[PDB]
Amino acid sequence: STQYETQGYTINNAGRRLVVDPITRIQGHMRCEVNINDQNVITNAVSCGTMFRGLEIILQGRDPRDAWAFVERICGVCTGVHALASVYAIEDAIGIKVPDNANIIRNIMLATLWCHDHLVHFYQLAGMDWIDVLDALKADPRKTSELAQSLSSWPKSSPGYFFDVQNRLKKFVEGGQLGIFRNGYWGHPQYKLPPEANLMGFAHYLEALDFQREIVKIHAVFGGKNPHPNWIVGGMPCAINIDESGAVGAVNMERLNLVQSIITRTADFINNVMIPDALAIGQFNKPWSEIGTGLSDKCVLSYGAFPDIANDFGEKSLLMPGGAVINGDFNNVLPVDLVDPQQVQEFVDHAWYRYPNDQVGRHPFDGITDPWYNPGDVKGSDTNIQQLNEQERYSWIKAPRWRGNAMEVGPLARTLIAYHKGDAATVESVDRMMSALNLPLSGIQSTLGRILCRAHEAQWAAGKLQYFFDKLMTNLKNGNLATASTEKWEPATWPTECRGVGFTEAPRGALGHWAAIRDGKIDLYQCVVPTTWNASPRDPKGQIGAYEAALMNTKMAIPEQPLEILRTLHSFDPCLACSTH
């Protein structure tokens, strides 16, 4: 065994090894291993991405105009975000400026995805770590109604409703076919909600499962379908016609009316169901404001997103701020430059790839994706792994660093960056949330805080949907209908050699696509995706990434039942297909 120190942690792989494989209620394939001491405290954590497809390899030699469609299939959960980063990258490379309406629509697509993705994560992915579904069978329906009504104006709260939900659950498990609830962690001592709160939460799980399908109708109007809507280099393909013959063949007033109806409903659900539930989880699980901090009090990163000035990606345009904090110095939000070879770099010394020198990092314009499955001296064998060897290569995920620092990305990271840049709406929201919980601001830097920030961001995005919709309508009233720029559509108009960066904030954090075009074809296409950051393996200095750090020092009640591990991992909303691409 070995022990070493990094980032304030003592990484010690002596003692008992626990493996969680598969990790469920995530996207894609992940393995986690930890070592625990005699006191049931994690002293070592190992994050492993257990899938790879090779989109960066597949994109070589393709037409840049087609790239968005391929990279959108990196992920069907965060569907659309990779298409957006791709059209941004190709437009940056070629020198294309899109019309204002295209920019507004793209912003609507991204905000729609934030709302959808954050809602589904909260209920369907993370919720069962906090809500004891079987304990809902012991609730009193009237007391459940009284609780729900004390927390929200949401209409659906009658005692008869909660009784009907409880009876549906009772019937579901009566035949012994527990389905997704089979062999869960029900009754674990870390489940702290009273029965009435479990029944309230379970009712809302079901309401969210139904309602989420409606949100993505916005993607169907502008993008044809969800999952995996359509896009173009140069704007969007959804031509607008409000008042001319043939409006039946275009985005017309009836289509825009449908979008408006969805926006309203979406905001209502988020504000009156998800936000009060997130706060309720906080109220009953305050100790989790001190668990899972990881890198969130050290190093956080946002690129920024939602340019309000079309084709302007600078600080005065981006509605979701960018910046980096290192060394726990939140007084110094640093600017990020995705072209600077000394900023974003990826390491593969602990990953299943070949580099000419694995002791150095490569900026994505110098990136290499040369897969090499080499797990070395595992316990077991290369096709029957009992224990990964984290001293050697142990993941399909590359290790991104920012100026050599290991960073956390995602909703908590963004919230911290915006708060400390002085964004008034963010400061007011965070302050009011933490005051409601009687917790210090530092309580957000935690597993509980990741969940609270995700809910805050869903509310923020729902509000921005209305703002963007109103901007689109203002342009249409002014006779500004354009949705595509086509003067550089044809390859003969492009530079013979050019390169570009497309970046945004996906639901899970900072996303970048780096593209080089030569002779009309993709010459290089490298992606660094939010879960690549968070689920990163170690680097040549032994620095650990966000997941491994967040798990360090965690107490487990029952080593064989990984509920505390799952809580913290799910708080980051892992997307493993994204991470590996």
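Each residue number is its position in the shown sequence, starting from 1.
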Query raised in the report: What stretch has the higher average Cα B-factor here, 1-9 or 572-580?
Result: 1-9
Query raised in the report: Given the B-factors recorded for C-alpha atoms, which segment has the greater mean, 527-535 or 547-555?
Result: 547-555
Query raised in the report: Out of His228, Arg414, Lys421, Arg362, which residue has the highest Cα temperature factor in the PDB record?
Result: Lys421
Report task. By the entry's C-alpha temperature factors, tell me which of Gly224, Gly234, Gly282, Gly509 sits highest. Result -> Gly282
Requested in this report: Grab the CA temperature factor for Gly542 from the record and place it in the lowest, middle or highest third of its chain.
Outcome: highest
Requested in this report: Could you look up the Cα B-factor of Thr426 in the entry and say which third of the chain it sits in: lowest, middle or highest?
Outcome: highest
Report summary line: Of the three thirds of the chain ranked by Cα temperature factor, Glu146 occupies the highest
Query raised in the report: Taking the entry's C-alpha B-factors for this chain, is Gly323 in the lowest, middle or highest third?
Result: middle
Query raised in the report: With respect to C-alpha B-factor, does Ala482 fall in the lowest, middle or highest third of the chain as deposited?
Result: middle
